[PDB]
>>> print(open('upload.cif').read())   # mmCIF, N, CA, C and O atoms
data_coords
loop_
_atom_site.group_PDB
_atom_site.id
_atom_site.type_symbol
_atom_site.label_atom_id
_atom_site.label_comp_id
_atom_site.auth_asym_id
_atom_site.auth_seq_id
_atom_site.Cartn_x
_atom_site.Cartn_y
_atom_site.Cartn_z
ATOM 1 N N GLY G 1 166.736 54.521 146.784
ATOM 2 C CA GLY G 1 166.697 53.871 145.485
ATOM 3 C C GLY G 1 165.513 52.907 145.388
ATOM 4 O O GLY G 1 164.642 52.900 146.257
ATOM 5 N N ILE G 2 165.518 52.119 144.325
ATOM 6 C CA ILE G 2 164.454 51.154 144.102
ATOM 7 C C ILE G 2 165.022 49.738 144.230
ATOM 8 O O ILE G 2 165.909 49.350 143.472
ATOM 9 N N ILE G 3 164.486 49.005 145.196
ATOM 10 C CA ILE G 3 164.927 47.641 145.432
ATOM 11 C C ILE G 3 164.361 46.730 144.341
ATOM 12 O O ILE G 3 163.627 47.186 143.466
ATOM 13 N N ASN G 4 164.725 45.459 144.429
ATOM 14 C CA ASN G 4 164.262 44.480 143.461
ATOM 15 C C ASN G 4 164.615 43.075 143.953
ATOM 16 O O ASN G 4 165.605 42.490 143.514
ATOM 17 N N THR G 5 163.787 42.575 144.858
ATOM 18 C CA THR G 5 164.000 41.250 145.415
ATOM 19 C C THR G 5 162.921 40.284 144.921
ATOM 20 O O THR G 5 162.238 39.648 145.722
ATOM 21 N N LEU G 6 162.802 40.203 143.604
ATOM 22 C CA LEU G 6 161.819 39.326 142.993
ATOM 23 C C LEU G 6 161.755 38.014 143.778
ATOM 24 O O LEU G 6 162.786 37.409 144.066
ATOM 25 N N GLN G 7 160.534 37.614 144.100
ATOM 26 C CA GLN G 7 160.323 36.384 144.846
ATOM 27 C C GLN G 7 159.452 35.418 144.040
ATOM 28 O O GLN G 7 159.882 34.311 143.717
ATOM 29 N N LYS G 8 158.245 35.870 143.737
ATOM 30 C CA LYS G 8 157.310 35.061 142.975
ATOM 31 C C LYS G 8 155.999 35.830 142.798
ATOM 32 O O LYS G 8 155.761 36.424 141.748
ATOM 33 N N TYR G 9 155.185 35.794 143.842
ATOM 34 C CA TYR G 9 153.905 36.482 143.815
ATOM 35 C C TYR G 9 154.025 37.840 143.121
ATOM 36 O O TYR G 9 153.054 38.342 142.558
ATOM 37 N N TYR G 10 155.226 38.397 143.185
ATOM 38 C CA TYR G 10 155.487 39.686 142.569
ATOM 39 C C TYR G 10 156.888 39.728 141.956
ATOM 40 O O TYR G 10 157.382 40.797 141.601
ATOM 41 N N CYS G 11 157.489 38.552 141.851
ATOM 42 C CA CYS G 11 158.823 38.441 141.287
ATOM 43 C C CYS G 11 158.911 39.371 140.074
ATOM 44 O O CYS G 11 158.231 39.156 139.073
ATOM 45 N N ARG G 12 159.754 40.383 140.206
ATOM 46 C CA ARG G 12 159.941 41.346 139.133
ATOM 47 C C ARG G 12 158.799 42.365 139.130
ATOM 48 O O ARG G 12 157.646 42.012 139.376
ATOM 49 N N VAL G 13 159.159 43.609 138.850
ATOM 50 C CA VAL G 13 158.179 44.681 138.812
ATOM 51 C C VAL G 13 158.469 45.588 137.615
ATOM 52 O O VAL G 13 159.168 46.592 137.748
ATOM 53 N N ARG G 14 157.917 45.204 136.474
ATOM 54 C CA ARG G 14 158.108 45.971 135.255
ATOM 55 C C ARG G 14 156.926 45.762 134.306
ATOM 56 O O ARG G 14 155.826 45.428 134.744
ATOM 57 N N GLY G 15 157.193 45.968 133.025
ATOM 58 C CA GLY G 15 156.164 45.807 132.011
ATOM 59 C C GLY G 15 155.310 44.568 132.289
ATOM 60 O O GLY G 15 154.144 44.514 131.901
ATOM 61 N N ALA G 16 155.923 43.604 132.959
ATOM 62 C CA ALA G 16 155.233 42.369 133.293
ATOM 63 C C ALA G 16 156.118 41.531 134.218
ATOM 64 O O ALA G 16 157.230 41.158 133.850
ATOM 65 N N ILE G 17 155.589 41.258 135.402
ATOM 66 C CA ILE G 17 156.315 40.470 136.383
ATOM 67 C C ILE G 17 156.478 39.041 135.864
ATOM 68 O O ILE G 17 157.479 38.384 136.147
ATOM 69 N N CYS G 18 155.479 38.601 135.113
ATOM 70 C CA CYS G 18 155.500 37.261 134.551
ATOM 71 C C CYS G 18 155.147 37.357 133.066
ATOM 72 O O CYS G 18 154.616 38.372 132.614
ATOM 73 N N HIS G 19 155.456 36.289 132.346
ATOM 74 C CA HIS G 19 155.178 36.240 130.921
ATOM 75 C C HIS G 19 153.754 36.735 130.658
ATOM 76 O O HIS G 19 152.827 36.384 131.385
ATOM 77 N N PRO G 20 153.623 37.565 129.589
ATOM 78 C CA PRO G 20 152.328 38.113 129.221
ATOM 79 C C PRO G 20 151.455 37.051 128.548
ATOM 80 O O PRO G 20 151.951 36.235 127.774
ATOM 81 N N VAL G 21 150.170 37.097 128.869
ATOM 82 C CA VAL G 21 149.224 36.150 128.306
ATOM 83 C C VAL G 21 149.330 34.822 129.058
ATOM 84 O O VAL G 21 148.336 34.321 129.583
ATOM 85 N N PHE G 22 150.542 34.288 129.086
ATOM 86 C CA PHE G 22 150.790 33.028 129.765
ATOM 87 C C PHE G 22 152.288 32.811 129.986
ATOM 88 O O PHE G 22 153.072 33.756 129.928
ATOM 89 N N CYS G 23 152.641 31.558 130.239
ATOM 90 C CA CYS G 23 154.031 31.205 130.470
ATOM 91 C C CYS G 23 154.313 29.876 129.766
ATOM 92 O O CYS G 23 153.570 28.910 129.935
ATOM 93 N N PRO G 24 155.415 29.869 128.971
ATOM 94 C CA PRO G 24 155.804 28.674 128.239
ATOM 95 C C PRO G 24 156.430 27.638 129.175
ATOM 96 O O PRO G 24 156.117 27.602 130.364
ATOM 97 N N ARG G 25 157.304 26.823 128.603
ATOM 98 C CA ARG G 25 157.976 25.789 129.372
ATOM 99 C C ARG G 25 159.470 25.773 129.044
ATOM 100 O O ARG G 25 159.881 26.221 127.974
ATOM 101 N N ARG G 26 160.245 25.251 129.984
ATOM 102 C CA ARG G 26 161.685 25.171 129.809
ATOM 103 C C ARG G 26 162.322 26.548 130.006
ATOM 104 O O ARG G 26 163.537 26.656 130.162
ATOM 105 N N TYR G 27 161.473 27.564 129.994
ATOM 106 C CA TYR G 27 161.938 28.930 130.170
ATOM 107 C C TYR G 27 163.005 29.009 131.263
ATOM 108 O O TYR G 27 164.183 28.773 131.003
ATOM 109 N N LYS G 28 162.554 29.342 132.463
ATOM 110 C CA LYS G 28 163.455 29.455 133.597
ATOM 111 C C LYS G 28 162.732 30.156 134.750
ATOM 112 O O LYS G 28 163.030 31.308 135.064
ATOM 113 N N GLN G 29 161.798 29.433 135.347
ATOM 114 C CA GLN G 29 161.031 29.971 136.457
ATOM 115 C C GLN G 29 161.917 30.858 137.334
ATOM 116 O O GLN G 29 162.991 30.439 137.762
ATOM 117 N N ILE G 30 161.433 32.067 137.577
ATOM 118 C CA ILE G 30 162.168 33.017 138.395
ATOM 119 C C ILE G 30 161.242 33.577 139.476
ATOM 120 O O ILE G 30 161.634 34.456 140.241
ATOM 121 N N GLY G 31 160.030 33.042 139.506
ATOM 122 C CA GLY G 31 159.044 33.477 140.481
ATOM 123 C C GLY G 31 157.639 33.480 139.877
ATOM 124 O O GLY G 31 157.370 34.213 138.926
ATOM 125 N N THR G 32 156.780 32.652 140.453
ATOM 126 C CA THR G 32 155.408 32.550 139.983
ATOM 127 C C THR G 32 154.536 33.619 140.644
ATOM 128 O O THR G 32 154.638 33.850 141.849
ATOM 129 N N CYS G 33 153.700 34.244 139.829
ATOM 130 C CA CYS G 33 152.811 35.283 140.321
ATOM 131 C C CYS G 33 151.416 34.680 140.492
ATOM 132 O O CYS G 33 151.091 33.672 139.866
ATOM 133 N N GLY G 34 150.629 35.323 141.341
ATOM 134 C CA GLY G 34 149.276 34.863 141.603
ATOM 135 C C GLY G 34 148.637 34.289 140.336
ATOM 136 O O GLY G 34 148.041 33.214 140.369
ATOM 137 N N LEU G 35 148.784 35.032 139.249
ATOM 138 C CA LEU G 35 148.229 34.610 137.974
ATOM 139 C C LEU G 35 148.420 33.101 137.814
ATOM 140 O O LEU G 35 149.547 32.608 137.837
ATOM 141 N N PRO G 36 147.273 32.391 137.651
ATOM 142 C CA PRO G 36 147.302 30.947 137.486
ATOM 143 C C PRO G 36 147.779 30.565 136.084
ATOM 144 O O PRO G 36 146.977 30.470 135.155
ATOM 145 N N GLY G 37 149.082 30.356 135.973
ATOM 146 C CA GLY G 37 149.676 29.985 134.700
ATOM 147 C C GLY G 37 150.669 31.049 134.228
ATOM 148 O O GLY G 37 151.180 30.974 133.111
ATOM 149 N N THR G 38 150.912 32.015 135.101
ATOM 150 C CA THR G 38 151.834 33.093 134.788
ATOM 151 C C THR G 38 152.972 33.136 135.811
ATOM 152 O O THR G 38 152.742 33.412 136.987
ATOM 153 N N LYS G 39 154.173 32.859 135.325
ATOM 154 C CA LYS G 39 155.346 32.864 136.182
ATOM 155 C C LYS G 39 156.456 33.679 135.517
ATOM 156 O O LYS G 39 156.333 34.073 134.359
ATOM 157 N N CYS G 40 157.515 33.909 136.279
ATOM 158 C CA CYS G 40 158.646 34.671 135.777
ATOM 159 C C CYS G 40 159.483 33.757 134.881
ATOM 160 O O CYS G 40 160.317 32.997 135.370
ATOM 161 N N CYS G 41 159.229 33.858 133.585
ATOM 162 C CA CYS G 41 159.948 33.049 132.615
ATOM 163 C C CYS G 41 160.551 33.982 131.563
ATOM 164 O O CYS G 41 160.034 35.073 131.326
ATOM 165 N N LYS G 42 161.637 33.520 130.961
ATOM 166 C CA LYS G 42 162.316 34.299 129.940
ATOM 167 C C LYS G 42 162.721 33.379 128.787
ATOM 168 O O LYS G 42 163.565 32.501 128.957
ATOM 169 N N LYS G 43 162.101 33.613 127.640
ATOM 170 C CA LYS G 43 162.387 32.816 126.459
ATOM 171 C C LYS G 43 163.895 32.585 126.357
ATOM 172 O O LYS G 43 164.684 33.367 126.886
ATOM 173 N N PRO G 44 164.262 31.479 125.656
ATOM 174 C CA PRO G 44 165.662 31.136 125.477
ATOM 175 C C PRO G 44 166.325 32.052 124.446
ATOM 176 O O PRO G 44 165.979 33.227 124.342
#
>>> encode(input="upload.cif", output="structure tokens")
Amino acid sequence: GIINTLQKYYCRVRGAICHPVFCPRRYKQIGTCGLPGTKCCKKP
């Protein structure tokens, strides 16, 4: 099968591991990716 142990540098593997373009605030950090300013966030 396909695992999914999102950590940060690659937290999540889909359309976008981290917010596209950038990352807002208050979201809910779930793992920051190399991208400077792009982390695993999900709008409220």
>>> atom_distance(input="upload.cif", atom1="atom N of residue 36 in chain G", atom2="atom O of residue 3 in chain G")
22.8 Å
>>> resolve_selection(input="upload.cif", expression="the PyMOL selection byres ((chain G and resi 7) around 8)", output="ChimeraX atom specification")
/G:4-6,8-12,29-33,40
>>> residues_around(input="upload.cif", residues="residue 24 in chain G", least_positions_apart="4", cutoff="8 Å", atoms="all atoms listed in the file", output="PyMOL selection string")
chain G and resi 19-20+28-29+37-39+41-43
>>> atom_distance(input="upload.cif", atom1="atom N of residue 34 in chain G", atom2="atom N of residue 1 in chain G")
25.6 Å
>>> axis_aligned_box(input="upload.cif", around="range 20-36 of chain G", padding_each_side="5 Å", output="JSON")
{"center_x": 155.6, "center_y": 31.6, "center_z": 134.8, "size_x": 27.2, "size_y": 22.9, "size_z": 24.1}
>>> atom_distance(input="upload.cif", atom1="atom C of residue 44 in chain G", atom2="atom C of residue 2 in chain G")
26.6 Å
